[PDB]
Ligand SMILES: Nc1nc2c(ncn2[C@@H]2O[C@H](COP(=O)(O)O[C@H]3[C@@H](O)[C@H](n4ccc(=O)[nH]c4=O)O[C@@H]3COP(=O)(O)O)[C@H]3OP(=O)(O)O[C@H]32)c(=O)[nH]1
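Before any questions on binding or motion, here is one chain by itself as structure tokens, the form deposited without the ligand.
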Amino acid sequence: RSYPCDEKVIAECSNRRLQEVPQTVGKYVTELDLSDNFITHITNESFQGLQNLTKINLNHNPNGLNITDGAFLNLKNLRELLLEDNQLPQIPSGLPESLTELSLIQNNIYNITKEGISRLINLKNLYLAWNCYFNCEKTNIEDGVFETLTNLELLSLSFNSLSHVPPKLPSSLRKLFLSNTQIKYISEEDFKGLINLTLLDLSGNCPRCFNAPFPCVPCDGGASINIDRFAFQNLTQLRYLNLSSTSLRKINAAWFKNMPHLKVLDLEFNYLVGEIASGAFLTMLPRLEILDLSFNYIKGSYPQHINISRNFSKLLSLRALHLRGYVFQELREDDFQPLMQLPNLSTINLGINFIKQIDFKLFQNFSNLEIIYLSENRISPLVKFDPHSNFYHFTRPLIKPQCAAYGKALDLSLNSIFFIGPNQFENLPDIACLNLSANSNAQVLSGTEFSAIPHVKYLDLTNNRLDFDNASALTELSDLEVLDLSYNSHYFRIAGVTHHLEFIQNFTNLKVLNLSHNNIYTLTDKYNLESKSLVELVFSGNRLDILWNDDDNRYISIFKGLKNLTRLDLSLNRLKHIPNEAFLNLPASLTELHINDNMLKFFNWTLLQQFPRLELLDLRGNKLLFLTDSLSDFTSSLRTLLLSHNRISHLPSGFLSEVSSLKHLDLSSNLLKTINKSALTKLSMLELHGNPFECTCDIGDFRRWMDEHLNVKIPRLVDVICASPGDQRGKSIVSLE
């Protein structure tokens, strides 16, 4: 059995509290990840007899790291070497020339000398970020240090006190990163011989200090980055340009004269309100797809409308427009006239703009609109950290891909819609995906509210105060497949009416329903509970304990009518015990059942006979004390059984040698002391970490079983620690002799 690393050939050996490099690693290993360990020393004997290695990860070691000269030199096949967050005072000496990837981020490297990297001619990707950052005083770049690296495609020098663009850069460069490098002025000679440059990042130089995870210092006298007219004169191949947080007031149109392939342009966190109103540079970008002009607002300025230049109609290739934090009161049809002529424009981002009123008729004017993002605005009822991240642009999808896949998406979440008005969805396009999350919506749903958009397939109504007790609630949305009513708190509770879940029956296509954290302790559905389409139900964070503890036993067949249900989540329901009759009434069509994070003192395993389709049973975070011995007689379909964070002290005799269908069995964080031969198949995984094991002679039977059943993978063996005796405490069960 592979110890302490997990073989897959890639060997995962990260976060295992290793004080030194393990010599128990196989010679056949090509990739070794030793990150997040307490390793302090690296020598030539650390990777002895490992010529087959290509990738070595030694990040965040310890919790600095001492590396001898030519410690990696013996490895002729080493191509990737990650040495991030190691507190290295300089570049490691005698590095192998075979390297193509090198990452030296978050170290104390203040000098980029020829003695360290000039020998490495095979380097393709080089990362030297967060080295001389707020310590430093200036990063010493040796004259023509990168000139010898003629095969360098990517060079990241971001987050370093540079002041000036490094001279004598290789012509092979395709991606250049110089973010937060204190470079105030850019000249024509800075990017002269870079004919193959596709990416240029100059963000955070003379910045507009906002919500940043890193220290921000703006330039003296509110100064902007000074870029010469002829600075980007020979960057014909540039596709990506990042000029975020550069305190720009004006954009010279001449910068894009010899730039006809520009695909992405980042201009967020600048002072360009005037440039948005009249932009000459907009006629210079016919191949631009993504444009970000976010958080460009004037401090204390709340205008009536957004001033969009007519030159926005010249952006023929535009697919995405990000106009967050412009801050304006009203959006009219006339204001967005230049964008209406754009054929590829599918995404509009108007989040965090505090817009009070929008003339929603303007969105059906667009040719190919797919995403309308209006989150964190003020629309009211209408009546009659990691360094390898994009810090200034949001990479996360604006709408959940599950929602957006159905069709036209509209996000009206975190607004002032405290009730759905009769003209709320007036003159709106054919929306298939709608988000009305955290609007504090206290609407009594009757089946008249969503009449204007009756083709919604995915509806997010989370964190509201909605009333869906009426049988005709949401019935106007016949094509509805997904309904998310998570964290909904009833504001007009009626005894003998709340909760009335009769509305779900009327839907012919509703497959996914989530009424989690709704605080359902009362049901009034006289007849239970039919839905021939529903496959997934999330009933987590409710009060099933109250419902099933009922003296009259009224809610005994609460989910019996859902004869198509495959997944059921009953977690966080404060369940101490499930009545035998109530469990038998659960749909026999279930494949996945979650009863985790409850207070279950006991569980009737015999009742599993009425569930012949059950493959997954989640019983984690409960108060279960014992297990069954005759599990084979109750189940023959169960594949995954999660019993972690329980009070199981003994494994019954003939448990593993009963269930033939079982593959994954989690018994971690329990009260197991020993595993016997009698208790000891198609099992592929067995979790046992965080158990108080007695490392004596009684554990010997289970150790022999581990060597006899090598295929049964036991994860994180280092966390399978002995509780007693004192001399064996701390050590792993596999480390015994």
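One-based numbering along the sequence shown. Between two forms, the rigid core is defined as the largest C-alpha subset superposing within 1.5 Å. Residues that one form lacks are left out of the comparison.
Note: missing coordinates for residue 384 occur in a third or more of the other compared entries bracketing this position. The deposited sequence places 4 to 9 unmodelled residues between residue 680 and residue 681. Counting the unmodelled positions of the deposited sequence between residue 8 and residue 9 gives a gap of 4 to 9 residues. Stretches 646-654 and 544-552 differ in mean CA B factor, with 646-654 having the higher one.
Mean C-alpha B-factor is higher over 95-103 than over the other stretch, the pair under comparison being 95-103 and 500-508. The residue among 336, 450, 230, 385 whose C-alpha atom has the highest B-factor in the PDB entry is 230. Across 423, 304, 635, 439, the entry's maximum B-factor at the CA atom is seen for 635. Per the deposited record, the Cα B-factor of residue 259 falls in the highest third when ranked against the other modelled residues of its chain.
The deposited CA B-factor of residue 579 belongs to the middle third of values across its chain. Among all modelled residues in this chain, the alpha-carbon of residue 116 has a temperature factor (C-alpha) in the highest third. For residue 144, the recorded CA temperature factor ranks within the highest third of the chain's modelled residues.
For residue 191, the recorded CA temperature factor ranks within the highest third of the chain's modelled residues.
Keep in mind the form deposited with the ligand bound is missing from the figure; the text below concerns it.
Counting ligand atoms within 2.4 Å of backbone or C-beta atoms, the overlay of the ligand from its pose in the entry with it bound onto the shown chain yields 3 or more, and the pocket is blocked. With a 4.5 Å cutoff on heavy atoms, residue 396 counts as touching the ligand in the entry with it bound. Contact check for residue 263: a non-hydrogen atom falls within 4.5 Å of the ligand in the entry with it bound.
In the entry with it bound, at least one heavy atom of residue 319 sits within 4.5 Å of the ligand. Using a 4.5 angstroms limit between non-hydrogen atoms, residue 240 touches the ligand in the entry with it bound.
Comparing 292-300, 617-625, 640-648, 547-555 against the ligand in the entry with it bound, the single stretch with non-hydrogen atoms within 4.5 angstroms of it is 292-300.
None of 542, 100, 349, 106 but one reaches within 4.5 angstroms of the ligand in the entry with it bound through a heavy atom, and that residue is 349.
The only C-alpha among 494, 280, 405, 607 that moves by 2 Å or more between this form and the one not shown, given a superposition on the rigid core, is that of 494.
Comparing the forms between this form and the one not shown on their rigid core, the Cα displacement of residue 300 stays under 2 Å. Once both forms are fitted on their rigid core, the CA atom of residue 211 lies 2 Å or more apart between this form and the one not shown.
With a cut-off of 2 Å and the rigid core superposed, residue 592 has a Cα displacement that falls short of the cut-off between this form and the one not shown. Expansion of the residue 492-residue 419 CA spacing by 3 Å or more is recorded in the entry with it bound, set against this form. Figure legend: C-alpha atoms of residue 213 and residue 299, shown here, are separated by at least 3 angstroms less in the entry with it bound. Residues present in both forms were compared between this form and the one not shown after fitting on the core; consecutive runs of three or more with every C-alpha moved by 2 angstroms or more are 132-135, 209-216, 467-469, 489-500, 523-530, 550-552.
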